[PDB]
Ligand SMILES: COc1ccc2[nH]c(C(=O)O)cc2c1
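Only one chain comes next, encoded as structure tokens, the form deposited without the named molecule.
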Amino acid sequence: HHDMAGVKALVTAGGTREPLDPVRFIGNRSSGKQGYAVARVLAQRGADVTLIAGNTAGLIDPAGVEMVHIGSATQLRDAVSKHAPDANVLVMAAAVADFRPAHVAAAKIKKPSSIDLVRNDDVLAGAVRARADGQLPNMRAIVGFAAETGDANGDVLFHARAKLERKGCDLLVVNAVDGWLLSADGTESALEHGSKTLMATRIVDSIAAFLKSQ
């Protein structure tokens, strides 16, 4: 059906690239496919979708979705800050680089020893803090994504719960590196494995349930 009519959705997808010079960057391996799928499913179910996309596995701009393209984490933060006021739902599915090189050259570096790094802003935490300080009165659902693994410091669910708690978002989509939907009300739903489209359907369903209650 069209159970998302009127809802303005802001989605981020793909990995960011943190330049060292015009040709080299620090990047990550995320394809952006899962975020695109959520944007497509949101748009199909009646939402006005803006998709902020970084580096993608040659993906095609989805139909009927406003596209914003970005390169680095800082440009993603600016674009989200730009469009966040008009959004009812923020879906932070982008793999945002946690650091950027301390210096960026305008011309290719030629033939060095060490790259100094500086921390990037947490865009998801910024949206959570802004909504709680009354600056995003239109925002009804903030969704983060996380890939978690168990290790010597804790099982996978322990780490996923700690992330939900630290971020403070309404829903945390957890991929167990299948996974979970962790809500801010404590509910914990297993996310059955399937294609990127099928898992997007379950995510959007979860967003819909959290909106129809609020």
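So that there is no doubt, residue numbering starts at 1 and follows the sequence shown.
One more form of this protein, solved in complex with the named molecule, exists but is not displayed; see below.
Proximity to the named molecule in the entry with it bound, taken as heavy atoms within 4.5 Å, picks out 29-37 from the listed stretches 29-37, 182-190, 61-69, 44-52.
At least one heavy atom of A147 is located within 4.5 Å of the named molecule in the entry with it bound. Contact check for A93: a non-hydrogen atom falls within 4.5 Å of the named molecule in the entry with it bound. Residue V177 is the sole member of 171-202 found to place a heavy atom within 4.5 Å of the named molecule in the entry with it bound.
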